[PDB]
């Protein structure tokens, strides 16, 4: 329910998008909770990318050294955030195209249901039907 997460940030104005795509794959393999890019504008007319890494506070040394080894940045900044997390468990639901795992997130009186992307995309590809069609079929099917 209650948690803390480390946020690590770096401003990269001398890194290519190809190399940035490479480092995001490296950071997820290293176990980061999340990684995202933000387009930013830096001095001297430089379109840059901000790299943000979320992870366990005890992975600070791991994720820092990864960033310092694989990107061009001279330094990183990091800070601890708090987190409020819903409770998760999974349901298998039968849809017109097969079973789809549905994520049931709960927090006190709040309950919502999210079909898992992976199941829906695999069924959309196999039966040559749209992703949104399989996803919406799972939503209807989770009504009971």
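Positions refer to the first chain, counted from 1.
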item: Greater mean Cα temperature factor according to the PDB record, 43 to 51 or 80 to 88; value: 80 to 88
item: Of 134 to 142 and 4 to 12, the one with larger mean CA B-factor; value: 134 to 142
item: Peak C-alpha temperature factor (PDB record), options 34, 70, 109, 59; value: 109
item: From 26, 101, 38, 64, residue of greatest CA B-factor; value: 101
